[PDB]
Structure formats: C-alpha cells, structure tokens
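Listed here are the chains, written in short residue letters.
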Amino acid sequence: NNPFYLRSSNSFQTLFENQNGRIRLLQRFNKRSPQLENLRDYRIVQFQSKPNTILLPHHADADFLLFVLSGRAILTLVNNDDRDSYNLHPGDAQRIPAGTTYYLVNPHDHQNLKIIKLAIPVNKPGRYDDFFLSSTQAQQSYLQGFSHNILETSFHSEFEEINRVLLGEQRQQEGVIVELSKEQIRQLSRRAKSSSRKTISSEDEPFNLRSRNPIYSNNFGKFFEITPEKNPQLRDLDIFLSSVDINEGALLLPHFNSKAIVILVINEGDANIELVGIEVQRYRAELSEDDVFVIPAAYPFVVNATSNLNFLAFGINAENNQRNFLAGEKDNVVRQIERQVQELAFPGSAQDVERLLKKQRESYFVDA
Amino acid sequence: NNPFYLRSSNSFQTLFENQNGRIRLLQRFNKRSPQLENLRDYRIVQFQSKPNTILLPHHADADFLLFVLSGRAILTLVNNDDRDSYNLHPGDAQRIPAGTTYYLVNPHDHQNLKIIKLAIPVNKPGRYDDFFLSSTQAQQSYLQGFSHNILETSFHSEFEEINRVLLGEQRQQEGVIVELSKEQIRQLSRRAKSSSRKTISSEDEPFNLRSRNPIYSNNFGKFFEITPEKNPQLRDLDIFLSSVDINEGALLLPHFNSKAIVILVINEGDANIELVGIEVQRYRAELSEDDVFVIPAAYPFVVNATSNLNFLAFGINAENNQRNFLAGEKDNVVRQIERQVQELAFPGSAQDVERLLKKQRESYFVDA
Amino acid sequence: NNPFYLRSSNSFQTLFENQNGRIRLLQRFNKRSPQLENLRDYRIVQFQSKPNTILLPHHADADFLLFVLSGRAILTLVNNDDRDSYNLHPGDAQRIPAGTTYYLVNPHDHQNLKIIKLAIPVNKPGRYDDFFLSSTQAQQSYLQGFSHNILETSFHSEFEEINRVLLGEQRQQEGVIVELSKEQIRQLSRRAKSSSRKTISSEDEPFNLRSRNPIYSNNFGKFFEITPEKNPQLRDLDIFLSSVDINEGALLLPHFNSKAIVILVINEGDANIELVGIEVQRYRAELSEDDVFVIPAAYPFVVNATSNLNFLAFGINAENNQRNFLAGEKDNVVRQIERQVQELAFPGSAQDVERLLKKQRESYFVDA
C-alpha cells in the first residue's frame with residue numbers, strides 16, 4: 001500500500017459536473033498519510049470543459065496556479081477597476097491570486113479543455129470555498145446571502161427587481177458550466193493577450209513551460225522545467241514547474257530532489273514508479289492517466305514509461321532545489337565521490353567501481 | 001451563533017484590573033471555531049486607563065501593534081542603551097517589538113486612554129506572557145525569580161539591601177497601574193517625540209491612520225487605511241490598518257477582501273453585519289461597542305451602522321490585497337464582466353442587467 | 001522537573017553507534033512540554049568520531065547547521081556536477097542544504113571530532129531520515145530499494161555484476177563509520193578550502209564564530225556572537241550563533257532575549273542555570289557537559305559557572321533581537337527608566353534606587 005500514490009477512480013471529489021464539464025478536487029494530502037503533513041496547505045483541482053463553453057464568473061479564498069495540459073482556453077480575471085483576458089495555449093500557465101473573480105471559456109470547436117491547477121487556500125489550511133457570483137440552478141449566488149433590506153439599500157432597488165434580474169427565485173441556467181454562442185465567443189476572444197517568449201519572466205501574463213529548451217533531452221525523453229529563479233510568479237509561490245515526456249520503453253534514471261516536494265500528475269500514458277524510503281523500503285506503484293504520485297524531498301525515485309508518457313510536476317519548496325542522478329554520466333552524484341571514498345563505501349575496488357559507473361554511457365533518459 | 005462574532009462580554013478575560021483601569025485579553029480565535037486556524041498566531045488586547053496613571057515598566061514575548069483609539073498617552077521604550085518616548089494621539093499606531101521593556105503614561109487630566117493592540121507571541125503560538133519589572137502587591141518582579149545567592153552576586157550587595165529597595169518582602173504599590181504626580185507627568189512628558197506627517201513611513205516612529213485622506217469618503221462615511229505598501233512597520237508584520245466612520249443609517253456597501261483576513265473591533269456605535277459563506281449561508285451578527293467580528297478573506301460582507309459608527313480593522317495577509325465591491329459605481333466587479341457573460345451569469349438581459357447596476361449612483365458609502 | 005532542561009543521559013536517542021563513534025539525535029523539543037511548541041520544526045544532532053575515520057556518504061531530507069565544537073573535520077559536499085571540500089576547525093560553522101549528499105572525515109591522529117548540528121526537516125515537520133548511499137552491514141543502501149528489472153535497466157548490466165560491486169548480498173563493511181588509511185586521508189585532504197576572515201559573510205564556505213572579537217569580554221568571561229545581519233547563511237535560517245566562555249565562579253548577569261528563542265548546548269564544564277516565568281516562577285537547573293537548556297524569548301535568565309565553562313547557543317527567531325540586562329553597568333535596562341517612574345516602579349526613593357543600581361561597577365560577566 002503506497003501512501004504516496006493517489007489513484008483516480010476514488011479520491012477525486014467531483015465539485016460540480018453536468019453535460020458541459022466537471023471539476024474534481026484531490027483529497028487532502030495529509031488525510032491520506034500523516035507522512036505528508038508538510039503539504040497540508042495544498043490541493044489539486046482538475047477542470048474539464050466541452051468545446052464552446054464557459055465557467056460562470058467566480059472567486060475563491062485561495063491562490064491558484066493553473067496549467068493547461070491540452071486544448072485552448074480564455075482566462076479572464078475581473079477586478080474593481082480593470083479586466084484582463086489571457087489566451088492560454090497547451091503548456092501555458094498563469095497564477096490566479098486569491099479572491100480574484102474570473103471566468104473560463106473553451107473557445108475550441110472540437111477539442112477539450114483539460115486544466116489542472118494547484119490551490120493554496122487562505123483561511124482554513126488546505127480547505128477553501130468557491131464563491132460563484134452567478135445564480136444557477138446548480139448553486140445560489142452569494143448575493144442571496146444578504147437580507148432583502150440590505151439588498152434593497154445596497155442596489156437602490158425594490159426586491160422584486162433585483163430578484164427578477166440577478167437571482168430569479170428556470171429563467172436561470174442549469175449549471176456553472178454552460179454553452180456559448182459562436183457569436184458570443186467571437187466577441188470574448190478578441191482582446192485576450194496571449195503567451196509569448198517575452199513572458200518567461202512577467203509577474204502578470206502567462207508563461208509557457210515548454211517554450212524553452214528542455215533542461216534534459218535526448219532520444220528517450222525531454223525534461224522541461226521552470227523555476228522561481230526565472231519566473232516571478234513562481235518565486236512568490238516558491239514552487240517549480242516542469243512537464244516531461246518519455247518515449248515508451250524509456251525511463252527516467254533514478255534520482256532524488258535536494259529540497260523540493262514534488263507533486264507529479266500523469267497527463268497521458270501509463271507508467272511504473274518506484275519510491276524508496278527508510279534497511280530501505282520500496283514504494284512502487286503502477287500509475288495510469290489522471291493519477292497523482294507525490295515524491296517527498298530527497299527521496300530517490302524512478303519513472304518507467306509503460307507507454308508514451310507525459311506528466312506534470314509541481315515542485316514545493318523549490319528555491320535552489322537541485323536534482324541529483326545516481327545512474328548515467330551527467331549529473332551523477334555516485335561519480336563525484338573521491339575514489340578512495342568509493343572504495344570505502346561499497347564492497348569493491350576503486351578501479352572496480354570506476355568501471356561499473358563508467359558503463360552506462362547515456363544520462364537522464366536511458367532505454368529499457 | 002456566529003463563529004466569527006466575539007461578544008465582548010463573553011470573549012474577553014481580564015488580566016489586571018483595579019481602580020486605575022484594566023487590561024483584558026480576547027480569547028484565542030481558533031478555540032472559538034476551527035474555521036479560524038489561520039489566526040491562531042494572533043491575540044487582541046484592550047488597555048484602558050484613568051487619567052494621570054502609568055503602566056509600570058515591563059515587557060512581553062509578543063510583538064505588539066498598538067492602536068490608540070481615544071485619549072492621549074506617552075509610550076516609552078527602554079532599550080539596553082537607549083530610550084525613546086513617543087507622544088501618541090487618537091489614531092496613532094506604533095509597533096512594540098517583542099521583548100522591549102516599556103511603560104505607558106496617561107497625561108490627561110479628565111480624559112481616559114482606550115488602546116487596542118494586536119499580539120503576536122513568539123514562544124507559544126497564540127499564547128504570550130508579561131514580564132513586569134516591578135515588585136507589586138498584584139505581581140512579583142521577575143527578578144524575584146533568582147535565588148538569593150545569584151542576586152547577591154549579580155548586583156554586588158547583601159540580600160537585605162536589594163530586597164529593601166527593589167523587591168520588599170505595604171512599601172510596594174497595589175497594582176501595575178498606579179496614579180501619578182503632576183510634577184512627574186510634567187517631567188515624563190518633555191522629550192516624547194510626537195507623530196507627524198513626516199512619519200507615515202518610518203520604521204520607528206508611530207504613524208497616524210487619519211493624517212491622510214481616506215481612500216473612500218462621501219457624505220455618509222469615511223474609509224481610512226494604511227497598508228504595508230506605505231509603511232515599513234506594517235510591511236514587516238504584513239498587515240493593513242484601517243479606521244472607518246459610517247454615519248448612522250448609512251452602510252458600507254457589500255464587498256470582499258481578495259486575500260486579507262480582517263479582524264475588526266467595534267470602537268464606537270452600533271452596527272449590523274452580514275457575512276456570506278457556502279447554496280450560500282448568511283452569517284449575521286449585531287455588533288455593539290467593543291465587540292469583535294472577523295471576516296475571512298474573499299468573504300463578501302456588509303456593515304450597517306445603526307447609530308454613529310467608527311471601527312478599526314487589522315488586515316492579516318495584506319500584501320497586494322484588493323477590495324472588491326459588489327454594489328455601487330466605483331470598484332464594482334459585477335460591473336466589469338464582459339456583457340455577454342452577464343447575459344449567461346444571471347437570468348437577465350445583459351441589457352436588463354446593465355440597467356440594474358447603473359441604478360445605484362453612489363460608491364462605497366450609501367444611505368439607509 | 002524543568003521542562004526546558006533536557007538531560008543528556010536520558011533525552012538523546014542513538015541512531016548509529018560503533019567502535020568508530022556514535023550519532024545521537026535529541027528528543028523532540030515539544031515532546032517534552034507543549035510550552036516549547038514553537039521549536040517543533042527543529043532537532044539537535046550530536047556526532048563524534050575516533051581519529052582517522054570517515055562518515056560514509058549519505059543525505060538527509062533536512063537542513064543542517066553544524067558547529068565544530070572540537071576537532072578537525074574535512075567536510076565534503078558532493079553535488080550532481082560539482083564537489084566542495086571544506087577544512088573545518090573548532091569554531092567553524094557551515095550549512096548543509098537538505099538533500100545534499102556529503103561525507104565527514106576526521107583527519108586527526110589523536111584528537112576527536114565533536115560536532116553538533118541543528119536539524120530543520122523538510123517533509124514531516126520535526127522528523128527526518130538519513131539516506132545512506134552505502135551498502136553496509138548496518139544499513140542497506142537506498143539503491144536496494146529499487147527492483148531488479150529497474151536496477152538492471154538503469155546501470156546497463158546484469159544484477160550479479162551490480163550486486164557484487166555496489167550492494168553485496170562479508171564483503172561489505174560493518175557500520176556507517178569506518179576507518180581510513182593514512183594514504184587515504186592524505187589524498188582526500190587535497191583541496192579542502194578552509195575558513196578565513198574573508199568568510200565571515202560568504203554564502204558558501206564556513207565561517208568562524210570566534211575569529212572576530214566577542215560582543216562582551218571582561219576578565220570573567222567572553223561572548224562571541226554572530227547574527228543574520230553579518231552572515232548570509234545565518235540570514236536564510238534567521239539564526240544567531242554564539243559561543244561563549246565563563247571562568248569558574250563568574251556568571252552571566254541576569255538577562256533576557258527580546259525575540260530569539262535560545263537553544264544552548266553545554267559544551268564543556270558545569271553550570272547552574274535559572275529561568276523565570278509566570279506571581280513569578282523559578283526554573284532552575286544544574287547543567288553538566290552535553291546537557292541542553294532552552295530559553296524562551298523574553299525570559300530573564302542567569303548562568304552560573306561552577307567550573308570552567310563554554311557553551312554553544314542557537315538563536316532561533318534571530319532577526320533584530322536585543323539582549324537586555326537587568327544588572328550591571330552596560331546594557332542594563334532598569335537603569336534607563338525615567339527616575340520618576342523608577343520611584344513609582346519599586347518601593348524606594350528615586351535616589352535610593354539610583355543608589356542600588358550604581359553599585360555593581362562591572363558589566364555582563366561578574367565574579368561570584
């Protein structure tokens with residue numbers, strides 16, 4: 001039983017779901033195993049919506065860091081005196097600060113919109129609520145919290161009028177994800193500023209993870225990553241971003257993280273994973289699509305692509321985190337040790353260990 | 001039963017009280033409702049003093065942010081090698097860094113001194129202690145912690161000597177708040193550097209919340225605020241101050257704070273308040289003088305002044321916090337959504353909705 | 001039963017020990033009393049090794065701040081692409097980023113290597129694990145966590161050849177501290193950069209606490225101290241390091257810390273200690289070598305040196321903390337209070353109190 005493994009059939013809680021989309025919310029990282037207690041302030045949210053759809057405007061008491069896996073979106077954040085629309089593409093990411101009102105459109109005509117966002121609540125540690133402004137068959141708008149009298153006074157209106165317009169106590173929609181006119185979307189999209197190479201380091205607009213050269217890349221996979229060093233949005237959240245692709249039958253050589261807690265999310269494919277932790281203990285698990293395997297800090301682990309494989313990883317506590325490899329040539333730790341220490345470390349000869357390490361000649365991704 | 005409402009009668013605990021005033025300590029915010037587990041690191045104190053009294057020198061294991069609600073005071077801070085007296089007036093605010101020995105004088109003849117301070121204990125979370133230097137009838141000087149021999153050694157004297165002067169085991173005051181000589185207050189009161197417009201941004205001297213123009217003001221009320229943006233002393237604790245007048249039968253329009261948890265204390269007047277959380281849930285509560293009400297971030301709330309009303313707000317987690325309103329002209333989100341989305345959100349012609357919003361022609365403070 | 005006092009003969013727990021030394025791990029600070037809750041994220045590690053010994057390579061999911069109390073060590077950090085050896089002398093401090101893999105060497109022929117290190121665990125709060133690369137009769141190597149297929153696929157070899165070289169399932173050493181050839185230590189000592197007066201403020205190499213002038217130093221004692229202000233490394237951990245010495249029969253004049261929580265580890269000699277908390281409460285404790293006494297912030301406390309003494313102190317919550325002294329000429333707070341308040345503070349004439357406080361002519365360390 002692998003505590004660092006969250007399947008998908010039956011921890012994701014569906015927050016809303018209709019014929020137009022669904023929003024699921026991963027279970028608390030510490031409700032699973034107290035071993036994950038330093039993640040108690042984090043959640044995973046998965047949003048899927050149909051082509052030509054919107055998410056009705058709303059805010060939450062939590063930062064968000066969202067990542068576009070596939071499809072195309074329009075993320076519009078509304079403020080007290082401004083509005084900002086951003087044209088997200090696959091591999092784009094952006095930060096929705098806490099308390100900001102916003103809506104999500106899927107401007108595509110056939111493709112789906114699969115987004116995953118990392119919630120960081122503000123009031124209750126690892127719990128947060130969703131304030132929908134709109135009054136839908138599926139949710140009351142938070143304006144209906146206020147008394148008639150307050151409402152009449154606040155809006156300068158008889159109740160029958162504010163009710164008949166904003167609330168409606170059928171005239172209202174079915175769900176918080178509704179469908180859009182082509183004509184509508186045609187308007188909504190023509191003022192969305194979009195991700196560019198110039199945004200790698202902007203505290204506002206979205207930056208693309210895969211825009212840059214992958215840190216690691218060879219015939220067996222590619223390792224894209226963005227870190228608080230290069231991105232102010234990720235400096236404040238102090239988290240690192242990385243999305244990495246593995247050719248079926250390759251794998252990511254064993255490695256550990258100096259100081260980062262990593263939340264990987266399986267985007268596509270199948271994969272086997274092996275985590276070790278303390279006389280050592282094997283933490284293996286067989287991950288499929290939409291699964292989540294968390295990898296504590298400084299724990300060595302390996303990723304075996306049992307199919308063509310792409311996943312997203314969130315790196316908690318990522319200021320100056322370093323990746324260390326035990327196999328392969330470049331970034332190998334077990335090959336920087338002084339020889340005499342190598343001798344002393346294992347049962348073998350300085351030259352005998354110098355021989356076994358030099359064997360496997362590739363680095364980062366190697367083939368099964 | 002509003003877990004965000006702290007009835008002054010049964011939420012305060014007197015700490016030292018007598019003929020010359022009293023000190024009371026608000027209860028832990030988390031012990032009330034676990035919904036407030038992010039304020040567990042904070043406490044509220046009310047210090048009230050009769051005219052021409054002093055608070056005997058002492059210190060705490062908590063950073064203090066004191067706000068003077070009413071009266072005049074001479075705050076003095078004794079360091080290891082320096083002393084710094086300050087002249088506080090109503091509205092003045094200053095920060096007593098933890099473990100700083102300090103005494104409070106009330107130089108007024110007829111007027112009291114009503115202060116309120118936010119406490120951030122350093123040793124236990126939410127719990128702090130007071131180390132009174134004085135040997136009193138209500139408290140032992142903490143020097144009376146040391147054995148006779150260490151004390152003899154430390155001061156270079158006999159014990160009968162050092163007890164007869166500093167401890168006294170009838171010669172010693174009844175409380176930690178004792179009356180003063182005019183001649184004393186004459187002398188104490190002539191070196192206390194006083195607040196001014198050149199102090200809004202000092203690490204050291206206190207700053208006035210109201211020496212600057214409010215951020216909102218109309219005939220029905222005023223909204224004074226200082227943030228970590230303009231203050232170093234606030235930047236550090238990462239808190240905003242705000243002090244707002246609402247005429248009777250006016251109200252603060254329905255709004256929510258993006259990421260700031262607000263601890264508001266009713267200074268003067270009566271008010272009704274309304275909070276919404278999640279199908280929505282009304283959280284009304286009828287505030288009176290000295291009451292406390294807490295408003296989690298991104299929670300919409302409204303404050304209805306049922307008699308001339310002024311209150312004080314401490315905004316916890318206020319780096320880059322935005323106020324959003326839901327009613328009135330200026331700073332209304334609901335009125336910044338793309339219209340076509342307004343069509344989709346409420347059961348009301350985007351035209352029929354543009355009409356309702358525009359109706360209330362005022363902003364921030366409107367009239368019941 | 002002083003909760004702030006952790007007796008060494010029964011508050012340590014041994015993690016590894018053999019004929020080549022032993023590693024102890026202090027018990028959890030709050031496990032003892034909830035009163036120390038604010039340290040819960042910290043631990044004390046003690047290490048000591050025979051002459052001519054190496055601590056086999058490992059890493060831990062925790063930052064370490066080690067201090068060389070006594071001996072000469074060669075500290076070698078091994079990165080993915082770099083390697084960094086440091087020649088540590090007594091008084092040298094240096095910081096091991098979590099998940100850094102590193103090995104310790106004791107190059108002396110007769111002397112030891114007594115090192116203590118403060119531990120800040122990443123994943124679980126207050127709990128960490130040592131991941132040892134090395135296949136030893138004591139512990140498995142974490143590469144034995146993985147499974148044969150993955151191990152085979154990783155190194156590009158069969159299993160027998162990888163188990164005969166790195167693991168060995170007789171041929172392997174006995175414990176995680178093994179002895180060295182002189183030839184070995186000789187080669188291995190070739191590039192260990194050593195501390196210097198030009199390291200007092202380097203973010204990398206180790207800095208000596210005593211290489212500067214102390215803050216306090218008369219004929220009865222010395223107070224070496226370094227704050228986050230002067231060291232980038234102590235800044236990131238927000239800590240102060242202070243090595244102080246007290247002659248037999250002198251003491252540290254009673255005093256309290258403004259906002260730092262102090263973890264003092266008794267290094268050499270005996271000492272009587274006394275603490276005061278809250279009606280006051282005496283917390284006296286008779287420390288011996290290797291004991292640990294923790295001092296809540298703004299708790300006044302005196303240290304009596306019953307034999308020739310020296311202790312290391314950790315200053316948690318260090319940024320801008322202030323030592324306030326209750327007796328003595330210099331840094332005495334009680335001698336700063338206005339005279340008229342002094343008159344009002346204690347039962348004694350302003351001149352009768354001015355008199356007692358001028359007696360002790362000396363400052364900080366007096367004689368008993």
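Residues numbered from 1 in each chain as written, not as in the entry; some residues may be left out. Chains lettered and ligands numbered in written order. Heavy atoms only, no water.

- Method-wise, the PDB entry is recorded as coming from X-ray crystallography, at a reported resolution of 3.23 Å.

Focus: the overall build of chain A
Then, in step 1: Secondary structure assignment for chain A yields seven helices and 27 strands.
Then, in step 2: A buried classification covers 65% of the 368 residues belonging to chain A.
Then, in step 3: Positive and negative side-chain charges of chain A, numbering 41 and 46 respectively, have mean locations separated by a distance of 4 Å. (Helix = DSSP H or I, 4+ residues; strand = E, 2+ residues; numbered from the N terminus. Buried < 20%, exposed > 50% of the residue type's maximum accessible area, 1.4 Å probe, protein only. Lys, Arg positive; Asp, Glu negative; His and termini not counted. Charge placed at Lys NZ, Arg CZ, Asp CG, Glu CD.)

Quick look at the pattern of salt bridges
Then, in step 1: Evaluated as defined, the whole model comprises 45 salt bridges over all chains.
Then, in step 2: Across the pair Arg83 of chain A and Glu338 of chain B runs a salt bridge whose closest N-O atoms are separated by 3.5 Å. Residue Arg83 of chain A is found in strand β8 (residues 83–87), and its partner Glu338 of chain B is found in the loop between β27 (323–325) and α6 (339–345); the two belong to separate chains.
Then, in step 3: Assessed through its relative accessible area of 36%, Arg83 of chain A is described here as partly exposed.
Then, in step 4: Under the relative-accessibility criterion, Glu338 of chain B is labelled buried at 13%.
Then, in step 5: Across the pair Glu354 of chain C and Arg339 of chain C runs a salt bridge whose closest N-O atoms are separated by 3.5 Å. Note that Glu354 of chain C is positioned in helix α7 (residues 350–359) and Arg339 of chain C in helix α6 (residues 339–345), a separation of 15 residues in sequence.
Then, in step 6: The exposure class assigned to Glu354 of chain C is partly exposed, which follows from its relative accessible area of 37%.
Then, in step 7: One network of salt bridges, with partners in common, ties together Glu161 and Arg164 of chain A together with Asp352, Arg355 and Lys359 of chain B. (Salt bridge = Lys/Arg side-chain N within 4 Å of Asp/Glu carboxyl O.)

Observations concerning the interface of chain C and chain B
Then, in step 1: Contact with chain C, which involves 56 residues of that partner, is made by 61 residues of chain B.
Then, in step 2: Of the roughly 5,000 Å² buried at the junction of chain C and chain B (both faces included), carbon and sulfur atoms supply 59%.
Then, in step 3: When the buried area of chain C at its contact with chain B is split by residue, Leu344, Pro347 and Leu356 of chain C rank highest and sum to 15% of it.
Then, in step 4: Among the ionic pairs, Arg164 of chain B bridges to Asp352 of chain C, the shortest N-O distance being 3.9 Å. (Contact = heavy atoms within 4.5 Å. Buried area = accessible area lost by both parts, 1.4 Å probe.)

Points about the packing of helix α3 (residues 159–167) of chain A against helix α7 (residues 350–359) of chain B
Then, in step 1: Packing of α3 of chain A against α7 of chain B leaves a shortest axis separation of 10 Å and a crossing angle of 135°. It follows from the interaxial angle that α3 of chain A and α7 of chain B lie oblique. Like other packed secondary-structure pairs, α3 of chain A and α7 of chain B cross with a definite hand, here left-handed. When α3 of chain A is examined against α7 of chain B, the residues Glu161, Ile162, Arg164, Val165 and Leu166 of chain A are found in contact with a partner set consisting of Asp352, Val353, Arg355, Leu356 and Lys359 of chain B.
Then, in step 2: Here the contact of α3 of chain A with α7 of chain B is composed, by residue class, of five nonpolar, no polar and five charged. (Axes fitted to C-alpha atoms, helices over the stretch in contact; angles between N-to-C directions. Parallel < 35°, antiparallel > 145°, perpendicular 65-115°, else oblique. Left-handed = near helix turned anticlockwise from the far one by under 90°. Nonpolar A, V, L, I, M, F, W, Y, C, P; charged D, E, K, R; others polar.)

Considerations on the interface of chain B and chain A
Then, in step 1: Contacts between the two partners involve 53 residues from chain B and, on the opposite side, 61 residues from chain A.
Then, in step 2: Note on chain B versus chain A: buried area summed over both sides is about 5,000 Å², and carbon and sulfur give 58% of it.
Then, in step 3: Sorting the residues of chain B by area buried against chain A places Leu344, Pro347 and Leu356 of chain B first, and these three jointly supply 16% of that buried surface.
Then, in step 4: Between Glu161 of chain A and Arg355 of chain B there is a salt bridge, with the nearest N and O atoms lying 3.6 Å from each other.
Then, in step 5: Contributing elements (two or more residues each) for the side of chain B that touches chain A: β19 (250–257), β21 (271–277), β25 (301–305), β27, α6, α7 and β28 (365–367) of chain B.
Then, in step 6: When residues in the side of chain B that touches chain A are grouped by element, the largest group, five residues, is from α7 of chain B.
Then, in step 7: Grouping the amino acids of the side of chain B that touches chain A by side-chain chemistry returns 30 nonpolar, eleven polar and twelve charged.

Let's talk about the environment of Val341 of chain B
Then, in step 1: Within the secondary structure, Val341 of chain B is located in helix α6.
Then, in step 2: Beyond its immediate sequence surroundings of up to four residues, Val341 of chain B is in contact with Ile54, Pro57, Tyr103 and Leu188 of chain A.

Considerations on the relation of the copies chain B and chain A
Then, in step 1: Between the two copies, chain B and chain A, the superposition gives an RMSD of 0.3 Å; the rotation angle is 120° and the shift along the axis is 0.3 Å. Viewed as a symmetry operation, the transformation between the two copies matches a three-fold axis. (Least-squares fit on C-alpha atoms.)

A closer look at helix α7 (residues 350–359) of chain A
Then, in step 1: When α7 of chain A is considered as a whole, its buried residues turn out to be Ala350, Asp352, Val353, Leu356 and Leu357 of chain A. The buried side chains of α7 of chain A occupy one side of the element, clustering within an arc of 165° when seen end-on.
Then, in step 2: On its buried side, α7 of chain A packs onto α6 (339–345) of chain A together with α3 (159–163) of chain C. (Arc of directions from axis to C-beta.)

Observations regarding the sheet that holds strand β23 (residues 292–295) of chain A
Then, in step 1: One open sheet holds the seven strands; their spatial order is β1-β23-β20-β25-β18-β17-β16 (chain A), and the pairing between them is antiparallel. The sheet is open, and its two edges are formed by β1 (5–6) and β16 (216–218) of chain A, each paired on a single side. (Pairing = 2+ DSSP bridges.)

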